[PDB]
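Structure data (mmCIF, C-alpha atoms) from input-v7.cif:
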data_input
#
loop_
_atom_site.group_PDB
_atom_site.id
_atom_site.type_symbol
_atom_site.label_atom_id
_atom_site.label_comp_id
_atom_site.auth_asym_id
_atom_site.auth_seq_id
_atom_site.Cartn_x
_atom_site.Cartn_y
_atom_site.Cartn_z
ATOM 1 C CA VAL S 12 -148.157 71.752 -48.510
ATOM 2 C CA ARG S 13 -144.810 72.839 -50.011
ATOM 3 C CA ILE S 14 -142.664 75.577 -51.526
ATOM 4 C CA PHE S 15 -139.664 73.657 -52.801
ATOM 5 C CA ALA S 16 -141.169 70.943 -54.967
ATOM 6 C CA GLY S 17 -137.550 69.942 -55.572
ATOM 7 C CA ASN S 18 -134.277 68.618 -54.179
ATOM 8 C CA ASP S 19 -131.958 70.774 -56.282
ATOM 9 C CA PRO S 20 -130.649 73.321 -53.721
ATOM 10 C CA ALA S 21 -132.341 76.693 -53.504
ATOM 11 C CA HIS S 22 -129.879 79.586 -53.265
ATOM 12 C CA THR S 23 -130.612 83.277 -52.777
ATOM 13 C CA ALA S 24 -129.118 86.544 -53.993
ATOM 14 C CA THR S 25 -129.641 90.288 -53.580
ATOM 15 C CA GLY S 26 -130.226 93.018 -56.171
ATOM 16 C CA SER S 27 -131.458 96.601 -56.668
ATOM 17 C CA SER S 28 -135.236 96.758 -56.357
ATOM 18 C CA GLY S 29 -137.494 98.881 -58.515
ATOM 19 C CA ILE S 30 -140.682 97.852 -56.733
ATOM 20 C CA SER S 31 -142.592 100.847 -55.363
ATOM 21 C CA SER S 32 -145.785 99.290 -54.012
ATOM 22 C CA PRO S 33 -146.117 96.441 -51.495
ATOM 23 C CA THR S 34 -145.404 93.000 -52.939
ATOM 24 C CA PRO S 35 -145.677 89.629 -51.090
ATOM 25 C CA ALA S 36 -143.035 86.930 -50.895
ATOM 26 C CA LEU S 37 -142.954 84.283 -53.655
ATOM 27 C CA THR S 38 -143.670 86.813 -56.424
ATOM 28 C CA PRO S 39 -141.812 86.156 -59.730
ATOM 29 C CA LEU S 40 -139.345 88.900 -60.637
ATOM 30 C CA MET S 41 -138.018 90.358 -63.877
ATOM 31 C CA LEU S 42 -135.488 93.014 -64.834
ATOM 32 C CA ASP S 43 -136.660 96.486 -65.905
ATOM 33 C CA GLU S 44 -134.781 97.229 -69.137
ATOM 34 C CA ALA S 45 -134.917 100.999 -68.694
ATOM 35 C CA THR S 46 -133.468 100.997 -65.172
ATOM 36 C CA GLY S 47 -131.841 97.609 -64.755
ATOM 37 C CA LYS S 48 -133.762 97.182 -61.522
ATOM 38 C CA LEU S 49 -135.795 94.172 -60.468
ATOM 39 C CA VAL S 50 -139.568 94.439 -60.529
ATOM 40 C CA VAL S 51 -142.520 92.064 -60.644
ATOM 41 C CA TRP S 52 -142.625 89.752 -63.649
ATOM 42 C CA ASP S 53 -145.318 91.095 -65.990
ATOM 43 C CA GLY S 54 -145.936 87.730 -67.642
ATOM 44 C CA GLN S 55 -145.360 89.132 -71.155
ATOM 45 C CA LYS S 56 -142.349 86.944 -71.954
ATOM 46 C CA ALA S 57 -141.392 83.364 -71.129
ATOM 47 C CA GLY S 58 -137.876 83.211 -69.698
ATOM 48 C CA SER S 59 -138.065 86.779 -68.384
ATOM 49 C CA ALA S 60 -138.695 85.899 -64.710
ATOM 50 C CA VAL S 61 -135.163 85.823 -63.246
ATOM 51 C CA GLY S 62 -135.972 85.276 -59.580
ATOM 52 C CA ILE S 63 -138.535 84.724 -56.855
ATOM 53 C CA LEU S 64 -138.920 87.196 -54.002
ATOM 54 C CA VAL S 65 -137.863 85.647 -50.678
ATOM 55 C CA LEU S 66 -139.385 88.154 -48.242
ATOM 56 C CA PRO S 67 -142.268 90.651 -48.817
ATOM 57 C CA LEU S 68 -141.467 94.286 -49.644
ATOM 58 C CA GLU S 69 -142.956 97.562 -48.449
ATOM 59 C CA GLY S 70 -142.232 99.233 -51.753
ATOM 60 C CA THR S 71 -139.632 101.639 -50.435
ATOM 61 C CA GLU S 72 -136.603 99.333 -50.173
ATOM 62 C CA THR S 73 -133.737 99.993 -52.567
ATOM 63 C CA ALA S 74 -132.644 96.348 -52.378
ATOM 64 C CA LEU S 75 -134.382 92.957 -52.300
ATOM 65 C CA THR S 76 -133.607 89.260 -51.759
ATOM 66 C CA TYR S 77 -134.566 86.536 -54.201
ATOM 67 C CA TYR S 78 -134.127 82.850 -54.968
ATOM 68 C CA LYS S 79 -131.777 82.391 -57.922
ATOM 69 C CA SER S 80 -132.122 78.613 -58.237
ATOM 70 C CA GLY S 81 -134.230 75.698 -57.078
ATOM 71 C CA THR S 82 -137.414 73.919 -58.083
ATOM 72 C CA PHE S 83 -140.573 75.551 -56.776
ATOM 73 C CA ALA S 84 -144.212 74.493 -56.406
ATOM 74 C CA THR S 85 -146.258 76.357 -59.020
ATOM 75 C CA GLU S 86 -149.152 76.773 -56.575
ATOM 76 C CA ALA S 87 -147.014 78.669 -54.066
ATOM 77 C CA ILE S 88 -145.994 81.488 -56.407
ATOM 78 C CA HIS S 89 -148.034 84.688 -56.818
ATOM 79 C CA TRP S 90 -148.627 84.741 -60.571
ATOM 80 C CA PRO S 91 -149.793 87.888 -62.390
ATOM 81 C CA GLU S 92 -153.517 87.779 -63.159
ATOM 82 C CA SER S 93 -154.540 86.217 -66.481
ATOM 83 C CA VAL S 94 -150.948 85.334 -67.446
ATOM 84 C CA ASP S 95 -150.583 83.083 -70.489
ATOM 85 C CA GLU S 96 -150.271 79.430 -69.421
ATOM 86 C CA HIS S 97 -147.329 78.613 -71.669
ATOM 87 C CA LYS S 98 -145.371 81.697 -70.620
ATOM 88 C CA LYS S 99 -146.225 80.822 -67.032
ATOM 89 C CA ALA S 100 -144.842 77.281 -67.252
ATOM 90 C CA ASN S 101 -141.685 78.546 -68.970
ATOM 91 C CA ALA S 102 -141.390 81.699 -66.906
ATOM 92 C CA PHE S 103 -137.917 80.868 -65.549
ATOM 93 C CA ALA S 104 -136.614 78.876 -68.499
ATOM 94 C CA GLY S 105 -133.037 79.989 -68.940
ATOM 95 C CA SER S 106 -132.267 80.692 -65.295
ATOM 96 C CA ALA S 107 -131.475 78.144 -62.556
ATOM 97 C CA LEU S 108 -135.088 78.313 -61.371
ATOM 98 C CA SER S 109 -137.986 76.097 -62.403
ATOM 99 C CA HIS S 110 -141.355 75.098 -61.011
ATOM 100 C CA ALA S 111 -143.876 72.252 -61.016
ATOM 101 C CA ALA S 112 -146.874 70.703 -59.228
ATOM 102 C CA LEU S 113 -146.402 70.245 -55.456
ATOM 103 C CA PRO S 114 -147.390 67.289 -55.625
ATOM 104 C CA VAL P 412 -110.265 89.204 -48.092
ATOM 105 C CA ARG P 413 -112.390 86.990 -50.363
ATOM 106 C CA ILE P 414 -113.608 86.097 -53.838
ATOM 107 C CA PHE P 415 -116.448 83.709 -53.115
ATOM 108 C CA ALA P 416 -118.663 85.617 -50.714
ATOM 109 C CA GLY P 417 -120.854 82.514 -50.841
ATOM 110 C CA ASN P 418 -121.285 78.816 -50.120
ATOM 111 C CA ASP P 419 -123.272 77.938 -53.238
ATOM 112 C CA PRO P 420 -120.703 76.017 -55.348
ATOM 113 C CA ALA P 421 -118.781 77.877 -58.012
ATOM 114 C CA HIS P 422 -118.553 75.978 -61.304
ATOM 115 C CA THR P 423 -116.648 76.906 -64.447
ATOM 116 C CA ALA P 424 -117.203 76.535 -68.186
ATOM 117 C CA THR P 425 -115.418 77.318 -71.451
ATOM 118 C CA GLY P 426 -116.561 79.327 -74.486
ATOM 119 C CA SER P 427 -115.377 81.149 -77.634
ATOM 120 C CA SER P 428 -113.665 84.405 -76.739
ATOM 121 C CA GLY P 429 -114.023 87.634 -78.662
ATOM 122 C CA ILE P 430 -111.634 89.587 -76.454
ATOM 123 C CA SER P 431 -108.754 91.100 -78.435
ATOM 124 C CA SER P 432 -106.905 93.162 -75.825
ATOM 125 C CA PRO P 433 -105.520 91.989 -72.469
ATOM 126 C CA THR P 434 -108.160 91.512 -69.776
ATOM 127 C CA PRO P 435 -107.544 90.503 -66.105
ATOM 128 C CA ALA P 436 -109.230 87.689 -64.208
ATOM 129 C CA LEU P 437 -112.515 88.442 -62.426
ATOM 130 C CA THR P 438 -113.835 90.621 -65.273
ATOM 131 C CA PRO P 439 -117.608 90.290 -65.938
ATOM 132 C CA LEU P 440 -118.421 88.848 -69.361
ATOM 133 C CA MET P 441 -121.268 89.255 -71.832
ATOM 134 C CA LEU P 442 -122.167 87.765 -75.211
ATOM 135 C CA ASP P 443 -121.545 89.727 -78.411
ATOM 136 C CA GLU P 444 -124.812 89.531 -80.367
ATOM 137 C CA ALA P 445 -123.137 89.979 -83.757
ATOM 138 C CA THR P 446 -120.607 87.175 -83.279
ATOM 139 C CA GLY P 447 -121.968 85.084 -80.425
ATOM 140 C CA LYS P 448 -118.573 85.365 -78.758
ATOM 141 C CA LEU P 449 -117.885 86.324 -75.159
ATOM 142 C CA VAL P 450 -116.467 89.753 -74.457
ATOM 143 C CA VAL P 451 -116.229 92.112 -71.495
ATOM 144 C CA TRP P 452 -119.557 93.190 -70.026
ATOM 145 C CA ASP P 453 -120.165 96.781 -71.162
ATOM 146 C CA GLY P 454 -122.458 97.598 -68.251
ATOM 147 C CA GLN P 455 -125.279 98.770 -70.554
ATOM 148 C CA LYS P 456 -127.796 96.132 -69.469
ATOM 149 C CA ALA P 457 -128.594 94.443 -66.168
ATOM 150 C CA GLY P 458 -128.704 90.661 -66.583
ATOM 151 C CA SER P 459 -126.340 90.734 -69.558
ATOM 152 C CA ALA P 460 -123.187 89.609 -67.689
ATOM 153 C CA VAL P 461 -123.250 85.817 -68.158
ATOM 154 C CA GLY P 462 -119.951 84.885 -66.558
ATOM 155 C CA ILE P 463 -116.797 85.928 -64.749
ATOM 156 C CA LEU P 464 -113.369 85.390 -66.276
ATOM 157 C CA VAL P 465 -111.364 82.814 -64.302
ATOM 158 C CA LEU P 466 -107.871 83.461 -65.668
ATOM 159 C CA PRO P 467 -106.498 86.613 -67.402
ATOM 160 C CA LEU P 468 -106.333 86.753 -71.204
ATOM 161 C CA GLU P 469 -103.670 88.009 -73.597
ATOM 162 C CA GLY P 470 -106.271 89.008 -76.140
ATOM 163 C CA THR P 471 -105.297 86.446 -78.746
ATOM 164 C CA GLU P 472 -106.941 83.315 -77.307
ATOM 165 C CA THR P 473 -109.866 81.869 -79.246
ATOM 166 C CA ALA P 474 -111.291 80.313 -76.062
ATOM 167 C CA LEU P 475 -111.680 81.377 -72.422
ATOM 168 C CA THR P 476 -112.702 79.961 -69.028
ATOM 169 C CA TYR P 477 -115.361 81.505 -66.825
ATOM 170 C CA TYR P 478 -117.391 80.942 -63.669
ATOM 171 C CA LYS P 479 -120.986 80.047 -64.562
ATOM 172 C CA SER P 480 -122.362 79.976 -61.006
ATOM 173 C CA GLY P 481 -121.537 80.969 -57.451
ATOM 174 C CA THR P 482 -121.809 84.014 -55.212
ATOM 175 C CA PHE P 483 -118.954 86.482 -55.600
ATOM 176 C CA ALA P 484 -117.636 89.429 -53.584
ATOM 177 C CA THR P 485 -118.542 92.633 -55.435
ATOM 178 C CA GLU P 486 -115.207 94.214 -54.498
ATOM 179 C CA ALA P 487 -113.199 91.486 -56.225
ATOM 180 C CA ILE P 488 -114.697 91.962 -59.685
ATOM 181 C CA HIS P 489 -113.258 94.396 -62.257
ATOM 182 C CA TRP P 490 -116.287 96.546 -63.056
ATOM 183 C CA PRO P 491 -116.419 98.794 -66.138
ATOM 184 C CA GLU P 492 -115.744 102.437 -65.266
ATOM 185 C CA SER P 493 -118.762 104.565 -64.343
ATOM 186 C CA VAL P 494 -121.222 101.654 -64.669
ATOM 187 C CA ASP P 495 -124.732 102.345 -63.380
ATOM 188 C CA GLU P 496 -125.112 101.105 -59.792
ATOM 189 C CA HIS P 497 -128.424 99.336 -60.310
ATOM 190 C CA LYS P 498 -127.229 97.554 -63.462
ATOM 191 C CA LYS P 499 -124.078 96.657 -61.554
ATOM 192 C CA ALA P 500 -125.924 95.028 -58.660
ATOM 193 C CA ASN P 501 -128.182 93.108 -61.060
ATOM 194 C CA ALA P 502 -125.465 92.395 -63.587
ATOM 195 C CA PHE P 503 -125.842 88.608 -63.391
ATOM 196 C CA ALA P 504 -129.529 88.462 -62.557
ATOM 197 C CA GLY P 505 -130.882 85.601 -64.632
ATOM 198 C CA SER P 506 -127.776 83.433 -64.605
ATOM 199 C CA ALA P 507 -126.517 81.200 -61.769
ATOM 200 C CA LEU P 508 -124.096 83.941 -60.708
ATOM 201 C CA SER P 509 -124.624 86.665 -58.134
ATOM 202 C CA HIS P 510 -122.502 88.943 -56.003
ATOM 203 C CA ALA P 511 -122.509 90.801 -52.687
ATOM 204 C CA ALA P 512 -120.342 92.509 -50.050
ATOM 205 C CA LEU P 513 -117.377 90.408 -48.829
ATOM 206 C CA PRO P 514 -118.279 90.930 -45.852
ATOM 207 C CA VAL R 212 -118.484 57.305 -73.870
ATOM 208 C CA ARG R 213 -120.199 60.016 -71.789
ATOM 209 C CA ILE R 214 -123.046 62.500 -71.516
ATOM 210 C CA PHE R 215 -122.148 64.444 -68.395
ATOM 211 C CA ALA R 216 -118.606 65.618 -69.025
ATOM 212 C CA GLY R 217 -118.929 67.242 -65.605
ATOM 213 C CA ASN R 218 -119.357 66.862 -61.854
ATOM 214 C CA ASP R 219 -121.609 69.878 -61.315
ATOM 215 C CA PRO R 220 -125.030 68.252 -60.687
ATOM 216 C CA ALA R 221 -127.441 67.927 -63.574
ATOM 217 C CA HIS R 222 -131.006 68.904 -62.672
ATOM 218 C CA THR R 223 -134.137 68.695 -64.804
ATOM 219 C CA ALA R 224 -137.292 70.745 -65.257
ATOM 220 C CA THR R 225 -140.533 70.674 -67.256
ATOM 221 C CA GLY R 226 -142.073 73.253 -69.600
ATOM 222 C CA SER R 227 -144.643 73.772 -72.376
ATOM 223 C CA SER R 228 -143.435 72.258 -75.631
ATOM 224 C CA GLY R 229 -143.898 73.790 -79.043
ATOM 225 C CA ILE R 230 -142.231 70.938 -80.902
ATOM 226 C CA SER R 231 -144.520 69.413 -83.535
ATOM 227 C CA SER R 232 -142.274 66.886 -85.277
ATOM 228 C CA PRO R 233 -140.277 64.055 -83.684
ATOM 229 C CA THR R 234 -137.114 65.182 -81.905
ATOM 230 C CA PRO R 235 -134.493 62.929 -80.201
ATOM 231 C CA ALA R 236 -133.148 63.276 -76.682
ATOM 232 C CA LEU R 237 -130.117 65.536 -76.127
ATOM 233 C CA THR R 238 -131.379 68.211 -78.537
ATOM 234 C CA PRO R 239 -130.641 71.832 -77.462
ATOM 235 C CA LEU R 240 -133.784 73.856 -76.762
ATOM 236 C CA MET R 241 -134.726 77.518 -77.035
ATOM 237 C CA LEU R 242 -137.813 79.586 -76.265
ATOM 238 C CA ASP R 243 -140.182 80.660 -79.063
ATOM 239 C CA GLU R 244 -140.709 84.403 -78.579
ATOM 240 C CA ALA R 245 -144.120 84.412 -80.264
ATOM 241 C CA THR R 246 -145.580 81.623 -78.134
ATOM 242 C CA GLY R 247 -143.296 81.339 -75.124
ATOM 243 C CA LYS R 248 -143.022 77.616 -75.802
ATOM 244 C CA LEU R 249 -139.851 75.569 -75.978
ATOM 245 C CA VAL R 250 -138.640 74.414 -79.370
ATOM 246 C CA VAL R 251 -135.382 73.219 -80.897
ATOM 247 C CA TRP R 252 -132.505 75.679 -80.711
ATOM 248 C CA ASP R 253 -132.067 77.154 -84.201
ATOM 249 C CA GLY R 254 -128.424 78.048 -83.659
ATOM 250 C CA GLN R 255 -128.973 81.705 -84.642
ATOM 251 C CA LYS R 256 -127.956 83.164 -81.279
ATOM 252 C CA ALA R 257 -125.355 82.243 -78.675
ATOM 253 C CA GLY R 258 -126.948 82.059 -75.225
ATOM 254 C CA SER R 259 -130.387 81.248 -76.618
ATOM 255 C CA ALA R 260 -130.302 77.487 -75.864
ATOM 256 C CA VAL R 261 -131.941 77.285 -72.419
ATOM 257 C CA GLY R 262 -132.095 73.520 -71.988
ATOM 258 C CA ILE R 263 -131.355 70.048 -73.289
ATOM 259 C CA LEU R 264 -134.148 67.588 -74.005
ATOM 260 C CA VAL R 265 -134.039 64.619 -71.607
ATOM 261 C CA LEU R 266 -136.311 62.165 -73.427
ATOM 262 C CA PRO R 267 -137.289 62.076 -77.154
ATOM 263 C CA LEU R 268 -140.601 63.591 -78.263
ATOM 264 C CA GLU R 269 -143.259 62.400 -80.706
ATOM 265 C CA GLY R 270 -144.161 65.946 -81.627
ATOM 266 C CA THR R 271 -147.625 65.889 -80.112
ATOM 267 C CA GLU R 272 -146.800 66.353 -76.419
ATOM 268 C CA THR R 273 -147.858 69.631 -74.823
ATOM 269 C CA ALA R 274 -145.081 69.339 -72.221
ATOM 270 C CA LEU R 275 -141.425 68.247 -72.214
ATOM 271 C CA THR R 276 -138.570 67.513 -69.795
ATOM 272 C CA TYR R 277 -135.159 69.122 -70.012
ATOM 273 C CA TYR R 278 -131.857 69.505 -68.201
ATOM 274 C CA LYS R 279 -131.581 72.987 -66.681
ATOM 275 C CA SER R 280 -128.010 72.655 -65.389
ATOM 276 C CA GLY R 281 -124.908 70.524 -65.655
ATOM 277 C CA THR R 282 -121.861 70.172 -67.871
ATOM 278 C CA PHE R 283 -122.454 68.103 -70.994
ATOM 279 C CA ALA R 284 -120.223 66.409 -73.564
ATOM 280 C CA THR R 285 -120.435 68.411 -76.804
ATOM 281 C CA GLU R 286 -120.334 65.209 -78.875
ATOM 282 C CA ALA R 287 -123.482 63.821 -77.256
ATOM 283 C CA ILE R 288 -125.761 66.722 -78.192
ATOM 284 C CA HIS R 289 -127.722 66.842 -81.468
ATOM 285 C CA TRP R 290 -126.581 70.158 -82.926
ATOM 286 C CA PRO R 291 -128.460 71.887 -85.765
ATOM 287 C CA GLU R 292 -126.753 71.348 -89.122
ATOM 288 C CA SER R 293 -124.111 73.900 -90.136
ATOM 289 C CA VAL R 294 -124.440 75.885 -86.875
ATOM 290 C CA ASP R 295 -121.783 78.560 -86.332
ATOM 291 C CA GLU R 296 -118.939 77.188 -84.176
ATOM 292 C CA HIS R 297 -118.746 80.164 -81.824
ATOM 293 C CA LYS R 298 -122.508 80.226 -81.244
ATOM 294 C CA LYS R 299 -122.329 76.477 -80.705
ATOM 295 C CA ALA R 300 -119.662 76.675 -78.010
ATOM 296 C CA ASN R 301 -121.540 79.507 -76.272
ATOM 297 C CA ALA R 302 -124.978 78.077 -76.882
ATOM 298 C CA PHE R 303 -125.923 77.865 -73.201
ATOM 299 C CA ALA R 304 -123.861 80.801 -71.923
ATOM 300 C CA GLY R 305 -126.082 82.547 -69.420
ATOM 301 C CA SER R 306 -127.957 79.495 -68.165
ATOM 302 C CA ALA R 307 -126.705 76.870 -65.688
ATOM 303 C CA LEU R 308 -125.787 74.573 -68.598
ATOM 304 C CA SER R 309 -122.467 74.271 -70.378
ATOM 305 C CA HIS R 310 -120.657 71.732 -72.511
ATOM 306 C CA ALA R 311 -117.165 70.539 -73.423
ATOM 307 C CA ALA R 312 -115.118 67.671 -74.896
ATOM 308 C CA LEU R 313 -115.868 64.238 -73.358
ATOM 309 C CA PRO R 314 -112.774 63.827 -72.907
#
Would you write out, as structure tokens, the structure that this file holds?
Amino acid sequence: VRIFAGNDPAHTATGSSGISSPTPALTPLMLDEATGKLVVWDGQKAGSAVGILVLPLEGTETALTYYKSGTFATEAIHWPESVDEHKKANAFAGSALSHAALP
Amino acid sequence: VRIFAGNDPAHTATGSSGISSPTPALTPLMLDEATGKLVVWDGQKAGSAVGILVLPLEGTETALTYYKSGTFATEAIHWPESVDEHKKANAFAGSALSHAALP
Amino acid sequence: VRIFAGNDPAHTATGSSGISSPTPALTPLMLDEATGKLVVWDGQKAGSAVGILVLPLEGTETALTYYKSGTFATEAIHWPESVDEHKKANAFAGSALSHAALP
């Protein structure tokens, strides 16, 4: 089993959270245009996921911690149900993050 | 005191500048959609700041140097007046940059 | 001659390709909003190029490999004809990539 299907160093960062309900670690994150806060990636756009949640959230925190770089194992991330496969594969394209098979 | 409230290596890069007036070092930068040039981050959108000015500018340079990665100390950056706090904290979300308390 | 006009480590990543015709290595890439697939950077927007093709493509592959970080030599990249100079220089602004003269 794995999480970091890569050698390129994984770094973390903090940011204002806009998540209200409980969300588990390893959930892709995106920015909420209206508020500028981080929330779960909705899977609507490739390149929109700008981070991966490090630790799980209750849904009441004002801040959160996420991975801003690194190569992750696709199978370890909590993807939104029914997400488009192409947008999934290119979810982090543009950031320092990326993902692939374990193997 | 500090500037690099982080261990993740800070790297720099160059790019076409669209700044006309004098601007001090450590000023967040954003891209100008109309021209594709780099200018001061206006604070209107989280994730829009794509770099931090390394050296100060006169306002007549055609090119500029900025940090494209690293973890900076929030207090060292010249933020735009009255910027929204959430958009401030997530200013660089999406890039290789990030910031936090000194501390 | 060179390719990596920089010391900051070059890392790669994979993603769904939307390229149909043959394209050579070192071609800037961008995301296709409609599909979420990666295609050649059209040069219309600075900060839109999110990667550089590692190996050449036939135009029938469903996946591709690209550099997601590093500092490249401008002269080694296959730029789109007549691209605007400012959008060229700031092509990767926002990602972990960047480019400059060899020297």
Contact residues (chain R, partner chain S, 6 Å, all atoms listed in the file) as a PyMOL selection string: chain R and resi 226-227+247+261+306-307
Now that the selection is made, can you save its residues with C-alpha atoms as a short mmCIF file (atom, residue, chain, number, x, y, z; two decimals), in the frame of the given file?
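File selection_7.cif, as written:
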data_model
loop_
_atom_site.label_atom_id
_atom_site.label_comp_id
_atom_site.auth_asym_id
_atom_site.auth_seq_id
_atom_site.Cartn_x
_atom_site.Cartn_y
_atom_site.Cartn_z
CA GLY R 226 -142.07 73.25 -69.60
CA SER R 227 -144.64 73.77 -72.38
CA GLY R 247 -143.30 81.34 -75.12
CA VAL R 261 -131.94 77.28 -72.42
CA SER R 306 -127.96 79.50 -68.17
CA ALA R 307 -126.70 76.87 -65.69
#
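Between CA of residue 442 in chain P and CA of residue 241 in chain R the interatomic distance comes to 16.3 Å.
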Report the residues retrieved by the PyMOL selection byres ((chain R and resi 237) around 9) from the displayed file, expressed as an NGL selection string. :R and (214 or 235-236 or 238-239 or 263-267 or 277 or 287-290)
Least-squares superpose chain R on chain P across all ordered C-alpha pairs, then write out what you get as a short mmCIF file (atom, residue, chain, number, x, y, z; two decimals) with C-alpha atoms, in the frame of the given file.
data_model
loop_
_atom_site.label_atom_id
_atom_site.label_comp_id
_atom_site.auth_asym_id
_atom_site.auth_seq_id
_atom_site.Cartn_x
_atom_site.Cartn_y
_atom_site.Cartn_z
CA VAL R 212 -110.09 89.18 -48.22
CA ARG R 213 -112.39 86.99 -50.36
CA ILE R 214 -113.61 86.10 -53.83
CA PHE R 215 -116.46 83.71 -53.12
CA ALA R 216 -118.68 85.62 -50.71
CA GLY R 217 -120.86 82.51 -50.84
CA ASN R 218 -121.29 78.81 -50.11
CA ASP R 219 -123.28 77.93 -53.24
CA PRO R 220 -120.70 76.01 -55.34
CA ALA R 221 -118.79 77.88 -58.01
CA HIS R 222 -118.55 75.98 -61.29
CA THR R 223 -116.66 76.91 -64.45
CA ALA R 224 -117.20 76.54 -68.18
CA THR R 225 -115.42 77.33 -71.46
CA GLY R 226 -116.57 79.33 -74.49
CA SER R 227 -115.38 81.15 -77.64
CA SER R 228 -113.67 84.41 -76.75
CA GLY R 229 -114.01 87.63 -78.66
CA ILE R 230 -111.63 89.58 -76.45
CA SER R 231 -108.75 91.10 -78.43
CA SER R 232 -106.90 93.16 -75.82
CA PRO R 233 -105.52 91.98 -72.47
CA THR R 234 -108.15 91.50 -69.77
CA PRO R 235 -107.55 90.50 -66.10
CA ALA R 236 -109.23 87.69 -64.21
CA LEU R 237 -112.53 88.45 -62.42
CA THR R 238 -113.84 90.62 -65.28
CA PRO R 239 -117.62 90.30 -65.93
CA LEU R 240 -118.43 88.85 -69.36
CA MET R 241 -121.28 89.24 -71.83
CA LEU R 242 -122.16 87.75 -75.20
CA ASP R 243 -121.54 89.72 -78.42
CA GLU R 244 -124.80 89.55 -80.37
CA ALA R 245 -123.12 90.00 -83.75
CA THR R 246 -120.61 87.18 -83.28
CA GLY R 247 -121.96 85.09 -80.43
CA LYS R 248 -118.57 85.36 -78.75
CA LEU R 249 -117.88 86.32 -75.16
CA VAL R 250 -116.46 89.75 -74.46
CA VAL R 251 -116.23 92.11 -71.50
CA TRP R 252 -119.55 93.19 -70.02
CA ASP R 253 -120.17 96.78 -71.15
CA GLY R 254 -122.46 97.59 -68.25
CA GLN R 255 -125.28 98.77 -70.55
CA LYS R 256 -127.80 96.14 -69.46
CA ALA R 257 -128.60 94.45 -66.16
CA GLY R 258 -128.70 90.67 -66.60
CA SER R 259 -126.34 90.74 -69.58
CA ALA R 260 -123.20 89.60 -67.69
CA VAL R 261 -123.26 85.81 -68.16
CA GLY R 262 -119.95 84.90 -66.56
CA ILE R 263 -116.80 85.94 -64.74
CA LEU R 264 -113.38 85.38 -66.27
CA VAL R 265 -111.36 82.81 -64.30
CA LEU R 266 -107.87 83.46 -65.66
CA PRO R 267 -106.49 86.62 -67.40
CA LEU R 268 -106.33 86.75 -71.20
CA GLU R 269 -103.67 88.01 -73.59
CA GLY R 270 -106.27 89.01 -76.14
CA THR R 271 -105.29 86.44 -78.74
CA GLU R 272 -106.94 83.31 -77.30
CA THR R 273 -109.87 81.87 -79.24
CA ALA R 274 -111.29 80.31 -76.06
CA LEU R 275 -111.69 81.38 -72.42
CA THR R 276 -112.70 79.97 -69.02
CA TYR R 277 -115.36 81.50 -66.82
CA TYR R 278 -117.39 80.94 -63.67
CA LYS R 279 -120.98 80.04 -64.56
CA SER R 280 -122.35 79.97 -61.00
CA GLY R 281 -121.54 80.98 -57.46
CA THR R 282 -121.81 84.02 -55.22
CA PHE R 283 -118.97 86.49 -55.61
CA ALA R 284 -117.65 89.43 -53.59
CA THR R 285 -118.55 92.63 -55.45
CA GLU R 286 -115.21 94.21 -54.49
CA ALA R 287 -113.20 91.49 -56.21
CA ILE R 288 -114.70 91.97 -59.68
CA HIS R 289 -113.26 94.40 -62.25
CA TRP R 290 -116.29 96.55 -63.06
CA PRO R 291 -116.42 98.79 -66.14
CA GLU R 292 -115.74 102.43 -65.26
CA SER R 293 -118.76 104.57 -64.33
CA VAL R 294 -121.22 101.65 -64.66
CA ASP R 295 -124.74 102.35 -63.38
CA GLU R 296 -125.12 101.10 -59.79
CA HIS R 297 -128.43 99.33 -60.32
CA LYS R 298 -127.22 97.55 -63.46
CA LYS R 299 -124.08 96.64 -61.55
CA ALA R 300 -125.92 95.03 -58.65
CA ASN R 301 -128.18 93.13 -61.07
CA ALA R 302 -125.46 92.39 -63.58
CA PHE R 303 -125.84 88.60 -63.39
CA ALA R 304 -129.55 88.45 -62.56
CA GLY R 305 -130.90 85.58 -64.61
CA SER R 306 -127.78 83.42 -64.60
CA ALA R 307 -126.53 81.19 -61.77
CA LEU R 308 -124.09 83.94 -60.70
CA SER R 309 -124.62 86.66 -58.14
CA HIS R 310 -122.50 88.95 -56.01
CA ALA R 311 -122.52 90.81 -52.69
CA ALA R 312 -120.36 92.52 -50.04
CA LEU R 313 -117.39 90.41 -48.83
CA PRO R 314 -118.29 90.96 -45.85
#
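One distance worth recording is that between CA of residue 254 in chain R and CA of residue 448 in chain P, which is 13.2 Å.
A straight line drawn from CA of residue 291 in chain R to CA of residue 253 in chain R is 6.6 Å long.
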